[PDB]
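The chain that follows stands alone, in the form deposited in one PDB entry, written as structure tokens.
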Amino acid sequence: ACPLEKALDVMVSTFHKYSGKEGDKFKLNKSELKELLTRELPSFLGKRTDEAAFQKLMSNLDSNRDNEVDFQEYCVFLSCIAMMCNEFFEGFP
């Protein structure tokens, strides 16, 4: 009966649902990242799903520049979205 614990469970497991598909099992390459965003975050991705848009995502997220998104970098991304949601509650000051 813990919604917040289930929500941490989904956030972590979803990462691995896609990261294990190709190459490094614990990181998202471009293709695995595209699947995750398109399937799991379509409200974020929204209308725009063109190739130069995923390029910028990869560039924003891949801060250590190994060409993949690891778990820490994915957490930073989810936490950026969480911050944007929080602004709604803070009344958009």
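Quick note: we count residues from 1 along the sequence shown, nothing fancier. Take the two forms, superpose them, and find the largest set of C-alpha atoms that agree within 1.5 Å; that set is the rigid core.
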Out of 60-68 and 47-55, which shows the greater rigid core-aligned C-alpha deviation in 5 other deposited structures of this protein?
47-55
Larger mean CA deviation from the shown form in 5 other deposited structures of this protein [core fit; 11-19 vs 81-89]:
81-89
Mind pulling up the entry and telling me whether 4-12 or 83-91 has the higher mean Cα temperature factor?
83-91
Please compare 24-32 with 52-60 and say which has the higher mean C-alpha temperature factor in the record.
52-60
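One more form of this protein should be noted, the form solved in complex with a partner chain, which is absent from this view; the next part is about it.
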Exercise: residue 31 in contact with the partner chain in the entry with it bound, heavy atom 4.5 Å:
no
My question is simply whether residue 67 lines the interface with the partner chain in the entry with it bound - judged by any non-hydrogen atom within 4.5 Å.
no
